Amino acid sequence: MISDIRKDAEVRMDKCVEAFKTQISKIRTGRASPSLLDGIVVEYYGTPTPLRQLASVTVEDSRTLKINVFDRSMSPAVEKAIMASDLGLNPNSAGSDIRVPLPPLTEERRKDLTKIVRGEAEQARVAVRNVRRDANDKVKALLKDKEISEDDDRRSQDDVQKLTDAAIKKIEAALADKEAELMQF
């Protein structure tokens, strides 16, 4: 019946938007990660050792790392090791903690990612319009032989169109926030 069909359509459209929302949250928009500097070699009592074994690296923010050295006497050496890796990283030392601001993703990268979210959004929009269509079908078709008539078709078609509108609207909002994120730093 028509009671089923439309509630069936929005459950379908919801799944689409939600798949898009999860597919997109995977995309990182900044360089920040707790293991980003794990590979930096530090002079530790003669022996070169990866930074990972000498300090805790926490993500203070999307483009900044906070390095927590376990042995305070090693901080100076860690700071030199960071400058020395020649990654363009300007370590900012201050009070038992070293902070590491990070360069933004490259122009080329942002474009590769903008392109990916747009394609996924696009996919989400086609999926949503296919569900709309499948609904319209049942409705318009049921009009042929079984019980529904023009004014129930109209309303039903319009109620469905609006479901499509709200579903398309969520995808657009998820997309915009993501590009705003990408374009952020």
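Position 1 is the first residue in the sequence shown; the rest follow in order.
Stretch comparison (158-166 versus 6-14) by mean CA B-factor in the PDB entry places 6-14 on top. The deposited model assigns a higher average Cα B-factor to 42-50 than to the other stretch when 42-50 and 119-127 are compared. Residue set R132, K144, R31, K66: peak C-alpha B-factor at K144 (per PDB entry).
Annotation for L102: CA B-factor lies in the lowest third of the chain's modelled residues.
Placement of the Cα temperature factor of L37 within the chain: lowest third of the modelled residues, per the deposited record. Among all modelled residues in this chain, the alpha-carbon of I82 has a temperature factor (C-alpha) in the lowest third.
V59 sits in the middle third of its chain by CA B factor, as recorded in the PDB entry. In the deposited entry, the Cα temperature factor of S75 sits in the middle third of values across the chain's modelled residues.
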